[PDB]
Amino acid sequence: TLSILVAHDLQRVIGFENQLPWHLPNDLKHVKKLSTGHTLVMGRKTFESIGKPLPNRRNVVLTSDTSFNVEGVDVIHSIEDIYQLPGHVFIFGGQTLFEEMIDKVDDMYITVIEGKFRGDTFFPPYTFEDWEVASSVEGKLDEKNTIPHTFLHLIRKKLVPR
């Protein structure tokens, strides 16, 4: 199974200056719950933003740099290598990988950040015409988690004749 895992705002912003535009602990918890025990594929810039591999899961980084080697990170040099990875693979970011993979994935785990942030990187446009909402769950707000957010699990719709 190949899935997208992403948080994007009302305008599909996902990043600003190589960081998340928002501070939202609940969403990183969401990420931890979904991806622990599985595989993350991410582009080089996303990896450098985080700075180190996320524990208790396989970290795969896509880059054209053959000098790339990081302790605890598997490196690939092409999209095609993604399909050789076993188990549940989450496309983790950033904009470039999402653009490259959105027409290829089975489903998407999207956190809609219900706000408008300054961004310089975006998730590609998509329509609920093409994606079934398997689930939609409002995130709970508190003192530390003040931005409204909704967890979507979207599954690609089958094209059929009507």
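All residue numbers refer to positions in the sequence shown, first residue = 1.
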| property | result |
| --- | --- |
| Higher-scoring stretch by recorded Cα B factor average, 66 to 74 or 104 to 112 | 66 to 74 |
| Between 53 to 61 and 119 to 127 (mean CA B-factor, as deposited), the higher | 53 to 61 |
| Criterion, highest CA B-factor; candidates, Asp142, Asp9, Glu138, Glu17 | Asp142 |
| Assigned third (lowest, middle, highest) for the C-alpha B factor of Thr36 | highest |
| Third of the chain's Cα B-factor distribution that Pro21 belongs to, per the entry | middle |
| Lowest, middle or highest third - CA B-factor, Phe92 | lowest |
